[PDB]
């Protein structure tokens, strides 16, 4: 089946976990503690010396987006045709770029860079509002009318930003409706409210 090996944080696994849950998939969690990591053996065995590590049968993967695209490909959450598949990538890549800046703020300079980051947020979120406005008035999903791996990843990005800069979505009616709508999906709602998600820290450094 599925197995995700990662630290005891949401981080780069939050989105794929949401995906697995909403799709009614069963998976195993292998928690890696800082002590175990600092031992060195696991780090060395990891291709790019990092986690998350994922296992699907005897297929061992690395790189969060690779896991997302894999599930998306295998579970049919990658658009209805090639054109949509490309637009799904365009969204995910955009999500990835903003996630990098978020991760850099959280770990590199939270105290001094928080104010500038928040001021720049509207411009960074705007593109997703625009994408949504061009797809059935943003009443369905980010691309096409069926959900895709990019939705789960975007949803996480928006959620974590709500905690960082509460109210950042008030200026974006479509994104706000989008978050609420998807968060309400039965399997997803139950997952987001469970101890498995709630009691895990967003990032590992105690900052959010």
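Residue numbers count along the first chain shown, from 1.
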| property | result |
| --- | --- |
| Of 123-131 and 90-98, the stretch whose C-alpha atoms average the higher B-factor in the entry | 123-131 |
| Average Cα temperature factor in the PDB entry - higher stretch of 51-59, 31-39 | 31-39 |
| Per the PDB entry, maximal CA B factor within 164, 147, 158, 67 | 164 |
| Criterion, highest CA B-factor; candidates, 112, 103, 85, 75 | 112 |
| Ranked against its chain, the third holding the CA B-factor of residue 171 | middle |
| Third of the chain, ranked by Cα B-factor, where residue 26 sits | highest |
| Entry-reported Cα temperature factor of residue 153, expressed as the chain third it lands in | lowest |
| Chain-relative CA temperature factor third for residue 177 | lowest |
